[PDB]
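Have a look at the structure below before the remarks.
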Amino acid sequence: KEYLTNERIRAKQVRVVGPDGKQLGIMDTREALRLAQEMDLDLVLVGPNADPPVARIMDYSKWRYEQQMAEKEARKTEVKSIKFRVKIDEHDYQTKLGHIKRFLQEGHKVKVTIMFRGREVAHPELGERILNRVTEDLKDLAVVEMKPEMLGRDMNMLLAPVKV
Amino acid sequence: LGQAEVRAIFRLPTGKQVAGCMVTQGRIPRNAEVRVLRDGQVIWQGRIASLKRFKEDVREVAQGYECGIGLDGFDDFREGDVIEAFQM
Amino acid sequence: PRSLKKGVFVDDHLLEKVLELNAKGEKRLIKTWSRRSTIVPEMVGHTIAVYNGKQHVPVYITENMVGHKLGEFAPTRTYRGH
RNA sequence: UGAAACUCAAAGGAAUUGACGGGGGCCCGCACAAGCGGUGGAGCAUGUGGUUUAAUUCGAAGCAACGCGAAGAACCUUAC
RNA sequence: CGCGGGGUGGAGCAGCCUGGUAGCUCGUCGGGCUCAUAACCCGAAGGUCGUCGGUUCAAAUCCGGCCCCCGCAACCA
Ligand SMILES: [Mg+2]
């Protein structure tokens, strides 16, 4: 994420590639520098150890800033775990659903688990009833990656945003 | 309790699967087990899920009338050969 | 790096055995524990079974291998690959 | 307001001796800092771990095992 | 077959989009740190970008085939 800028280039004759992708050829360093000055945007040596040192005529600092911004954007993207009960209270469930929706809106995945105990008779059924219902409620923000899946003491599902 | 010959299985990119079969032996009920055979190896083994004829949803298919039947989890569609149904 | 003053070392176990078998022409499998002994051309042609510490391993002997001690042709340690 | 079944041969308090604290204070050590020179990077020399082997004799285990018992393994030593 | 989108160190993801510039987290390997394990910190390895190819001075990037994945696609009796 660092390259030689305009006057930092000592390597004789440089490959004068613009900000667009246009070749001027193998100009002298000084000439290239002059050109850069004329056009405002700096001479960024993006490949010094190459066939003519690759001088990209862009504003180095500006470019770096742009890259940073892009990285930041990429960063903000997470998996958020909502953990339901088996014998479910309704208000709580609603709240959880709302939370999930919010997460989806933000851009985050939602891992929806249901905390099981022993008693594996109507537990999986209960889980199915819950998770599926939740999905039905919020199908327009999220599509299902992982279906109602058994983990032994859990039932997991994955709600992933409709469009990223 | 029946030997059936496959006429038209159905490829839906929407609905499902329906196997039109001509009876040769006895009767095909709704809760009977099914073996599907080709010329050499057996295609699929399982059960009958759904039963619905042209007229009405007839319970038992006697003599040799053509009846569609939905076959539990049928994997190979459009024109089979021999369906053999066994029951004690 | 070869190591001897004068009179190259052969042990009188096979040294005096192989010279008797110079009169019977050749012979078949001479198992000796002597690996200390250097090759003299009297042995050239014969079959010397040399002691690995376990196996009397057979060596069909040629004129080329003369400036060598017997135990070089008896690989005592086995394998390396893991 | 208020059990019992069941269960444990304890649950407890106060102090005491210590040990302990990302409690306090008073101290100290090349402990850090300040400084020099290294090790880790390279090659080899060793000792180990591991893995191979017919066997790689056995021990030593964080400092306080690891250029150690070994202050001298070609055979001997040597135990495998 | 239709159309849409995708295919990237082992896993999940950016970059393509703007023709030169391959990152991030989890794992794997090695070390350190600890009494010891995790966690931590460090390095180290690891991708030719599904592929056939073209392009062009130069393609993960532009184009197409094929392979796929994914979603939708009107017929069950
Ligand atoms: Mg660790």
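By convention here, the chains of the structure tokens are called A, B, ... in the order presented, each chain's residues are numbered starting at 1, and ligands are numbered starting at 1 in the order presented.
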If we count only C-alpha atoms (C1' of nucleotides), which residues of chain A reach to within 8 Å of chain E? Please list them as a PyMOL selection string.
-> chain A and resi 20-21+46-47+74
Could the residues in this selection be written to a file with N, CA, C and O atoms, as a JSON list (two decimals), in the first residue's frame?
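The new file selection04.json reads:
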```json
[["chain", "number", "residue", "atom", "x", "y", "z"],
["A", 20, "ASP", "N", -5.97, 6.36, -16.19],
["A", 20, "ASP", "CA", -7.00, 5.72, -17.00],
["A", 20, "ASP", "C", -6.57, 4.31, -17.48],
["A", 20, "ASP", "O", -7.38, 3.38, -17.46],
["A", 21, "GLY", "N", -5.31, 4.19, -17.88],
["A", 21, "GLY", "CA", -4.75, 2.96, -18.46],
["A", 21, "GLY", "C", -4.05, 3.20, -19.79],
["A", 21, "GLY", "O", -3.90, 2.27, -20.59],
["A", 46, "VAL", "N", 4.27, 2.08, -9.20],
["A", 46, "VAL", "CA", 3.53, 0.87, -8.76],
["A", 46, "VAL", "C", 4.20, -0.48, -9.09],
["A", 46, "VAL", "O", 3.76, -1.53, -8.61],
["A", 47, "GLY", "N", 5.25, -0.44, -9.91],
["A", 47, "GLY", "CA", 6.07, -1.61, -10.24],
["A", 47, "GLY", "C", 7.48, -1.21, -10.65],
["A", 47, "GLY", "O", 7.78, -1.18, -11.85],
["A", 74, "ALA", "N", -15.80, -2.03, 2.95],
["A", 74, "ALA", "CA", -15.77, -3.49, 2.96],
["A", 74, "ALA", "C", -15.99, -4.02, 4.37],
["A", 74, "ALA", "O", -16.76, -4.96, 4.56]]
```
Could you list the residues in chain C lying within 10 Å of chain D, using only C-alpha atoms (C1' of nucleotides), and format the result as a list in words?
->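 The answer, sorted by residue number, is residues 53, 54, 55, 77, 78, 79, 80, 81 and 82 of chain C.
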Keeping C-alpha atoms, export the residues of the selection given above as a short mmCIF file (atom, residue, chain, number, x, y, z; two decimals), in the first residue's frame.
```cif
data_model
loop_
_atom_site.label_atom_id
_atom_site.label_comp_id
_atom_site.auth_asym_id
_atom_site.auth_seq_id
_atom_site.Cartn_x
_atom_site.Cartn_y
_atom_site.Cartn_z
CA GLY C 53 24.98 -56.83 12.61
CA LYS C 54 21.96 -58.95 11.63
CA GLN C 55 22.36 -60.28 8.08
CA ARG C 77 21.35 -48.78 9.06
CA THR C 78 18.08 -48.99 7.17
CA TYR C 79 15.71 -46.36 5.74
CA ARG C 80 15.37 -42.57 6.04
CA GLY C 81 12.00 -41.43 4.60
CA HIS C 82 9.64 -41.51 7.64
#
```
Work out how far apart CA of residue 68 in chain C and CA of residue 38 in chain C are and give it in Å to one decimal.
->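 Distance reported for this atom pair: 5.4 Å.
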Please run DSSP on the backbone and report, as a PyMOL selection string, all residues within chain A that come out as strand (DSSP E).
-> chain A and resi 4-5+13-17+23-28+43-47+54-57+79-84+109-115+142-150+154-161
Check which residues fall inside 10 Å of ligand 1 when counting only C-alpha atoms (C1' of nucleotides) and all ligand atoms, and print them as a VMD selection string.
-> chain E and resid 32 to 34 37 to 40
Residues of chain B within 9 Å of chain E, using only C-alpha atoms (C1' of nucleotides), as an MDAnalysis selection string?
-> chainID B and resid 10:20 51:54 67:70
Give me the residues within 8 Å of residue 11 in chain C as a ChimeraX atom specification, counting only C-alpha atoms (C1' of nucleotides) and dropping any in the same chain fewer than 6 places off.
-> /C:34,36-37
Hey, what's within 12 Å of residue 65 in chain E if we count only C-alpha atoms (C1' of nucleotides) and toss same-chain stuff fewer than 3 positions away? As a ChimeraX atom specification, please?
-> /E:51-54
